[PDB]
Structures are given as C-alpha cells and as structure tokens.
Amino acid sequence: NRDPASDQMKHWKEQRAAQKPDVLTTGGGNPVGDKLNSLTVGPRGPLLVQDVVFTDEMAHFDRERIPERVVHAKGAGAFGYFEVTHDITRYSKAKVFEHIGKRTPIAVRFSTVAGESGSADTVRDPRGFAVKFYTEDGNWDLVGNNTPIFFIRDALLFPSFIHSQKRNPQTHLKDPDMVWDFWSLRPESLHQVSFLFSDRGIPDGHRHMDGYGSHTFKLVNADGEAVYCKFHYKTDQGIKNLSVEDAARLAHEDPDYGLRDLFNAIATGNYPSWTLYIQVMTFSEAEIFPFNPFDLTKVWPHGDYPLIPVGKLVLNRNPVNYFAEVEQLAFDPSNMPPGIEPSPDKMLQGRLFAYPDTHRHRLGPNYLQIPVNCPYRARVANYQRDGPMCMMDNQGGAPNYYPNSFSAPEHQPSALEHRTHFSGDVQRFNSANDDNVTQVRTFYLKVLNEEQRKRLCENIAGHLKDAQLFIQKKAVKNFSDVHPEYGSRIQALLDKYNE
C-alpha cells in the first residue's frame, strides 16, 4: 500500500470502474486510428504532412507552457471555505460578513517568492498565502503573506528589490553582493530581514504558518463610517518550522515537500484551518500613531490594538488538475467588494495596478473568464466586450454603450467608495528615513528569546559572509543601529568565517 499522493492514478483507475475507455480523439474530436505510429510512405519512407493526427497533438504539445509568475512561481493550492463566527458588521457591511454561520467558498495558494517553477519549497524565503473569496458582491482577494511586514515601504523599489533577490543578469546565479548591497543600502528592510532570518524563516509545510493581509485596509459600515484595520489568520495546526539542517535535506529529497504534505493532509481527511482576526484603528487614532499607520514595514502592537475574531478558514478539496485550478489562478488585490477599501499605503496602492496588469500578460486579457478566476457567485454584467480567447456569450446582443435607453446594466450608487479629504502638494515624498529600527529593537530584545536571539545572528552571518567586505560593514553598521550587541554578535561570526 502507498500514500494518497503517489496513489493518484491508482484511485483514478479504480474510480473508472469497468466502463470501457473513451476514444482517443484528435483536437477536433475526430476518431484516431493509430497514434503510436507516424504516417509514412513505406516502412522507411518520409513523414507526410497528411498525418494531421501528428500535427494536431504535436502542435498542442509545443505550447503547453505559459510564463510562470514573475514572483511566487513555486507553490500549491487547495479549496475549502470561510465561515463567520463573529459579527463585525458594525465595522464593515461586506456581504462576506453577512451574519454568523455565513459560508463563502474559497481557493487558496501557498508559495515562496524568489524560486522558480523548478525550485524547492523547503528553503528560507517568505511565503505567499493568498485567499480568493467568491462573494455575492464579486470576488475578494486577500493576497496575503506569512508576515505582517515587508522589506520596503514604497512600490517603486519592489522590482529592484526582487531583482536583487534573484539571479545575476550575466551569470544567472544567485548573488549575495546583490542581495546584501540592496538590504544594506535600505535599512527599512531590517524589521523584515529580522523575521526572515528568525526561526520563522523556514516553516514546516504550509499548514503550520500564519497569514497576514500585511497592509492597513479600510472598513466601511453600512452607515458610511470608516475605520482602518489589519487582517490576521493564525494557524490552528499550530506553528512549526524546520531545522536549517533538515531544510537543505528535504530540499534535495522532496523539493515539493510543501505540496504533498498539504495535499495528503486533505486527502487523509486532515483539513487545515486558520482563524481570522483584525485590528481596528479609528481615523482619530491613526492621526495619533507615533508612526505611519500605513508604513508596510511596521506592525500594530497587539496590546494597543487587540485582535477580533471574525471567522474560520477551512481547506478540504484538493485540486483535480494542477495547471487548470492552481497554475492559472489569478489573485487581484484590487478585487475588493463593498465594505473593504485600500489605504494610502504607498505599496498597497501600487499593487492595485500591477496584479491585474501581469495577469493580462501571464494568462491573457480575458483571464477573469477562466473557471478558477471567474466570479461565479456573482453576476458579471457590464459594457466590456471581445478580446482574445473570448469564451462566454460575450454578453450577447446586449447594448454595449453606457448610458443607454435600452435597459442595459445600471450602476448601484450604494457601492460608492468612501469619501475622505486630502490636502497637500503633488510630489515624490521621501519615506526612506521613516524609522527603520525602533520596532526592530523591541523584536530583538523582547520577542526573541536569548536562545533564538543568537540563532538568528548565525543564520545571517552564514549568508552575509558571502558578500564583499565593504558590504559586510554597512550591514553590521545597520544591525548595530538596532542594537550594539546585534551587530556585535554578527560581526563575530563573520570575523571567524573570515579566518
């Protein structure tokens, strides 16, 4: 006996009963006589164009690959649902939070960042935990991460950052000089480099990690009052990382550890779950926060702004076809239904654009027409038409201009954005010096126990050692600024590695 995972074709064969096999048809659905032998003139004669069976299937074969995700290319996903267990409708009128017991189906995808399609799960990298909510008011995409913060606070540097986190332009090899020259030049990353290199840097499976909407969002009650929030979905299976030693081990043993684990979990009736919380911040409060409540490289102290439960997140139906249901998955941060809105978070703002952007290029213009991405729990009706690979009925003969005197789709004013005032010059305001240590300090000596406080200091030096010298100093100079003992312990390890 084998595991569910490896027993895939197994179960399929049985579940196919004793019903004869279907017929191998061409793409056009024409019956195929023999597809195991080309069409030739003579036993040793040349290939005839006439073998269209060959062309038909070969042709398709030549185009199965589509561009992989720019970032977060490696991962897996499953389906399940969300169910309300609290009433926060006093905070947001989002139909998804209707009443208690309210269930909305979902799709989830876990993933790393820097690695490519061939990469392995078991490595030190942040993680992607995206949630798609098929609500009655369209789809809501909570494209979150296993962290409440990020390395940078302005989108304009994200590409550059990701660049530094991947291969060298010429060599095509990972490069420390790149990694650390960047981080070192931008301390705002401190807070996050601290989490990545902490024990959390490498979880164990996707099931033993927490989620974070990260950014500061906006909730609008069915009364127009708005308030800021933060999304958190802590694991119920409890945290659980992996020994550096084991990581690199599993790495080459089963580079897809995360996949099968998460997969067998569901196959073996052991469905993973997370608990949804949110922190609330009135506009009054925000005006008070000692920091930028919108800074992505900052958190909200749990004590000052406590979490409120709202619901359960359950995954219990593994995909039936990986390509179709997971690869093709598209999550658009901009996909926020009535009740939730973005904040002036200079990083969340940019994400409003880029995601649907790339999706147009990675998948295609009508990518929202792909099953997995189709908002089937709603009714898409508008004035958009055509485009490549246009399935559906393209909305039939319905009037295609608005406004029209022919009863075509009208807009519901009730779903209007929330009104806020703004005053100030249009400029490129500097966010580089918006405190990149304080919050980090209270992490080192407070959240981290002397036990793991040192571990982190090891993980870093072991990677920082590979960078040039001038680089290593700046880095230390930064850690030092968080805490002298920080850059002191590190500089130690480095000096030794240095012989």
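Start at 1 with the first residue shown and count on from there. Each form is matched to the other, and the largest set of C-alpha atoms that superpose within 1.5 Å is called the rigid core.
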{"query": "Segment of greater CA departure in 6 other deposited structures of this protein, 474-482 or 15-23, core superposed", "finding": "15-23"}
{"query": "Core-aligned Cα RMS comparison in 6 other deposited structures of this protein - stretch that moves more, 449-457 or 65-73", "finding": "449-457"}
{"query": "Residue stretch of maximal mean CA temperature factor, 354-362 vs 275-283", "finding": "275-283"}
{"query": "Given 235-243 and 400-408, the range whose Cα B-factors average higher in the PDB entry", "finding": "235-243"}
{"query": "Top Cα B factor in the deposited entry, candidates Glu68, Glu450, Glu64, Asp51", "finding": "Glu450"}
{"query": "Member of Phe422, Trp183, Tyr134, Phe291 with the greatest C-alpha B factor (per the PDB record)", "finding": "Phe291"}
{"query": "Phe97 - which third its CA temperature factor falls in, relative to the rest of the chain", "finding": "highest"}
{"query": "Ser164 by Cα B-factor - lowest, middle or highest third of the modelled chain", "finding": "lowest"}
{"query": "Third of the chain, ranked by Cα B-factor, where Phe110 sits", "finding": "lowest"}
{"query": "Lowest, middle or highest third - CA B-factor, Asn264", "finding": "middle"}
{"query": "Modelled-residue ranking by C-alpha temperature factor, third containing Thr171", "finding": "lowest"}
